[PDB]
Amino acid sequence: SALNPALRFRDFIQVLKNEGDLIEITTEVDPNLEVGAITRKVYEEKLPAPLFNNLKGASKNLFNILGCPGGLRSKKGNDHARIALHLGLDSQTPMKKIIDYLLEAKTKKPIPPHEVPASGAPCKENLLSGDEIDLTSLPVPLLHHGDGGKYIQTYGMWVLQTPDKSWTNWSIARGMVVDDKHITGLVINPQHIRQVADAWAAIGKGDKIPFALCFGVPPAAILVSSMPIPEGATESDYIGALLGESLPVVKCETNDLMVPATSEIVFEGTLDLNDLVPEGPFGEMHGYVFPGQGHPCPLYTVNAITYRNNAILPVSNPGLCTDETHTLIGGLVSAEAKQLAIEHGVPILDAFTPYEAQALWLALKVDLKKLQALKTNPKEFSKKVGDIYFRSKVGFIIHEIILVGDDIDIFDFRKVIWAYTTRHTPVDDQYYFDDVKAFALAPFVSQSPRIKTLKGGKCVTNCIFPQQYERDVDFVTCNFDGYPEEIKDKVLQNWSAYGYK
Amino acid sequence: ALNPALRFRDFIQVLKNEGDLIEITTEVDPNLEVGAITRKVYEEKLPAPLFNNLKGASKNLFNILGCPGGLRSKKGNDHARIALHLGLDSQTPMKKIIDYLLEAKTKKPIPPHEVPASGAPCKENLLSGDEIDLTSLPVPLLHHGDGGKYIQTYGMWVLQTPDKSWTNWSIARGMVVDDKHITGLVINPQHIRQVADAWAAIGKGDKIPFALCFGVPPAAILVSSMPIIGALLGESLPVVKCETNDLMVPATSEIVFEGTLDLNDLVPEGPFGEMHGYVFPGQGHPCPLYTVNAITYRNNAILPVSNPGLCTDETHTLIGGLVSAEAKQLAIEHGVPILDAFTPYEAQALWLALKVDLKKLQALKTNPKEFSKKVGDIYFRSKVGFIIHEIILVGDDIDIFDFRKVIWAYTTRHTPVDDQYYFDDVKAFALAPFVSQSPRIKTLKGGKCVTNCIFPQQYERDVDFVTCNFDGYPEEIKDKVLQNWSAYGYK
């Protein structure tokens with residue numbers, strides 16, 4: 001069995017089918033709204049991922065849709081299976097050990113990618129170019145009611161570079177179909193616009209910055225591309241470490257951008273940063289579409305499309321928990337949050353973004369013994385923690401950091417909400433930050449005047465009893481698991497003898 | 001016929017009829033085993049246990065009914081045990097139970113009638129004086145770390161002044177001190193203003209007569225646990241005089257303790273695992289000593305117990321649920337456009353969610369700060385908001401009885417700190433762990449806020465948004481997908 005789910009997108013789909021986690025839908029499904037409704041029901045009931053093989057309006061090769069590639073399974077012993085398969089791990093690997101694996105791979109010999117010819121690249125099996133490109137003829141889904149348009153890019157990656165190739169970015173920004181030959185998306189953050197636009201303007205290409213957009217990439221590549229590290233690095237060398245081998249890449253037909261060789265679909269074209277078009281709105285990670293709330297975005301012209309036979313388009317349909325914006329985007333913030341704590345010496349056992357908080361919360365599980373050795377206090381520790389996370393790219397999406405002690409399983413929201421509500425004084429145990437960069441997608445930000453400042457609106461909430469900063473505070477948790485072991489063993493042994501099923 | 005609101009044993013019978021009761025003849029230790037069994041029944045929403053074979057129990061003293069206010073697994077009647085306390089259909093949702101308690105505040109109080117001792121089942125047996133040994137009863141040690149065995153967790157105290165102008169039914173916890181004494185904080189320091197002096201005027205300030213009843217009519221245990229009976233019943237409550245004092249107790253009570261109280265003979269009470277999920281081991285807090293002089297009880301008496309802890313138990317379904325009913329009544333009294341009020345159990349009865357009619361809110365011509373201060377002033381300076389440390393304002397699209405929607409609106413619709421309006425001069429709940437484990441336990445002031453989870457523009461005009469779940473899709477799309485769910489290939 002030469003299946004490698006981390007290296008090949010189709011091996012990933014095959015393992016899902018082998019483990020009974022894939023339903024191949026041959027019923028005709030409408031890309032308008034139906035695909036979105038089906039994926040939401042699969043997300044929220046934690047059902048097998050759908051593979052739409054009979055979309056309305058699809059040609060023979062363009063395309064099929066893989067829904068819920070990062071959704072959760074119902075069986076808790078492997079609820080994070082699809083996430084683990086992105087890295088080639090056992091599907092029973094819990095999320096805590098998936099995060100620890102990502103950190104242990106940062107210490108590995110990075111393997112750079114290698115270039116393969118077009119004949120050795122499955123993404124080159126077909127080619128559309130110029131006037132034979134009609135994006136409005138593709139079965140692109142209208143995912144949420146209220147979306148400003150059909151969103152082709154929800155689970156692929158953009159590729160952008162400077163001419164000198166010193167700056168290279170793999171982005172996961174959303175991409176909306178504008179018309180027959182144009183898409184749009186916010187791929188270059190305002191911080192990098194001058195660097196990249198001036199560089200291409202030097203060669204008379206400032207109004208046509210080459211780009212590539214790839215779908216169905218190796219699942220390890222879409223995972224790392226969704227990981228919060230500096231924009232301006234593919235970190236494909238780190239992808240190779242996770243893969244244990246070199247990532248095969250191939251040259252675009254119309255530019256010198258390198259794309260994964262086993263991609264399902266590859267878009268090619270140029271970008272005009274001065275040609276602005278309305279983008280969105282789009283249903284997002286916090287569970288909202290706000291109809292009518294679009295914003296100008298640079299226009300991307302699509303000059304070439306290369307795609308595999310029987311191409312498959314993975315889609316993510318964001319909304320309420322739990323979808324990819326929580327397991328993947330939130331889960332990788334958790335991994336970098338844990339790494340950041342190790343670099344600054346913060347005694348953090350584990351870090352996690354509870355999905356019920358729509359990836360707006362970052363729970364930090366504090367080693368209380370080491371915290372007491374630091375001889376600090378809630379105000380001094382909360383400020384330091386917030387200064388580290390809210391002034392880093394890792395904490396950009398996070399608007400509230402929760403500090404809990406080492407008795408709280410932060411991956412279990414029943415325990416998180418209990419420690420949150422019972423161990424922090426409202427307001428008084430919240431250390432506010434008014435001068436940190438705010439997340440524009442946060443509905444309390446976008447629906448407030450703070451959407452025009454993008455500053456503040458974040459706090460570090462101490463849910464550790466104040467004396468626990470100095471000494472152990474003894475308390476017994478009043479649930480079944482809180483009883484002595486001999487009591488729990490006796491009750492479970494006699495549970496049927498009592499009369500319970 | 002069966003009346004679960006009027007008779008504790010009709011209540012048990014309906015639970016048995018609805019498959020919601022397991023009669024345990026297996027030997028169960030009152031030491032920790034009863035508590036561990038009840039917690040597992042709480043947390044897995046299993047049928048309520050009826051312990052008929054406890055270590056140390058005599059024939060008549062006693063059996064234990066566990067989880068009388070716990071939830072059922074099937075959501076269609078998850079609040080059935082709470083509805084049965086009032087005599088409502090078991091499938092009555094918690095929203096309608098609250099509305100029923102409100103409709104009952106508009107009906108005439110029916111005074112109780114006295115019945116002779118031979119007509120009261122609680123008089124079927126008598127223990128008095130030297131025959132009383134409370135350490136021989138199978139009293140449970142409910143939580144590991146509790147300061148002692150707690151006999152009073154789901155019963156009611158009865159206190160009165162000699163003039164009987166003041167009478168009170170209390171649900172304060174009661175702990176066994178020794179063979180003849182129990183203890184508890186049954187009277188709040190507000191009303192000691194008139195009970196010690198009144199009994200001292202007769203020479204009995206050193207021994208205030210009390211009665212402690214267990215297995216009372218379930219409507220009685222619900223009104224005394226409510227932050228304000230025969231009106232709810234539709235009938236006159238049958239009561240009977242105590243053996244050693246003039247206190248009137250419910251005639252159908254399972255067990256009745258009688259004796260005297262000394263507000264000066266203070267004794268360590270607690271600790272005890274409570275509504276927020278904690279017991280903090282250590283010395284107790286001084287509480288007045290209660291001498292037990294007489295015990296009357298039915299044949300085959302049953303002692304209902306509550307084992308507080310994490311959600312969900314009686315301290316969340318009843319205490320919080322009745323705070324919710326009074327919270328709604330407060331809103332109608334002050335003209336606050338509240339559609340529904342509820343205390344999410346996942347917040348351990350520390351949160352009070354208010355569902356705001358947005359159209360009526362817009363007619364008020366107000367703003368988040370002005371509205372939150374008004375709401376906090378009304379609720380945090382009332383007895384109903386004493387246990388509530390955070391009030392949450394949400395719009396009319398949120399099911400506040402569904403915590404998935406509450407935590408979604410909470411995390412996504414309020415700016416941390418900036419959308420929280422703090423109250424530093426209100427009374428704090430000393431039981432709250434963030435209060436008791438902080439210097440605020442010496443002040444009991446502040447530590448509360450009203451969190452506005454309504455988008456600021458919604459105070460002026462409608463804010464259009466689509467909820468990004470399956471239920472947020474248009475009806476025709478949702479029907480299409482559900483019709484075809486099996487044809488797609490899904491189970």
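Chain letters run A, B, ... following the sequence lines, proteins first and then strands; every chain starts at 1.
Note that the CD1 atom of B:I221 and the CD1 atom of B:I229 stand 10.0 Å from one another [nearest 0.5 Å]. B:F434 CZ to A:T425 OG1: the interatomic distance, rounded to the nearest 0.5 Å, is 5.5 Å. Note: B:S324 OG to B:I97 CD1 = 11.5 Å, rounded to the nearest 0.5 Å. If you take NZ on B:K45 and CZ on B:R81, they are separated by 11.5 Å, rounding to the nearest 0.5 Å.
Using a cut-off of 4.0 Å between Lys/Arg side-chain N and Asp/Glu carboxylate O, B:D29 and A:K490 are scored as not salt-bridged. Here B:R440 does not pair with B:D424 in a salt bridge; the nearest charged N to carboxylate O distance is not below 4.0 Å. Using a 4.0 Å cut-off between charged nitrogen and carboxylate oxygen, B:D146 and B:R173 do not count as a salt-bridge pair. Taking the charged nitrogens against the carboxylate oxygens, B:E33 and B:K55 have no contact shorter than 4.0 Å, which rules out a salt bridge. The pair B:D313-B:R39 meets the salt-bridge criterion, since a charged nitrogen lies less than 4.0 angstrom from a carboxylate oxygen.
There is a side-chain donor-acceptor pair under 3.5 Å between B:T244 and B:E258. Between the side chains of B:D133 and B:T135, at least one donor-acceptor pair of N or O atoms lies under 3.5 Å.
Ring centers of B:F210 and B:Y290: under 6.0 Å apart, within the cut-off. Aromatic rings from B:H276 and B:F429 are positioned such that their centres are separated by under 6.0 Å.
The shortest distance between side-chain heavy atoms of A:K415 and A:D407 does not fall below 4.5 Å.
Using modelled atom types, no side-chain atom of B:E346 and backbone atom of A:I417 make a donor-acceptor pair closer than 3.5 Å.
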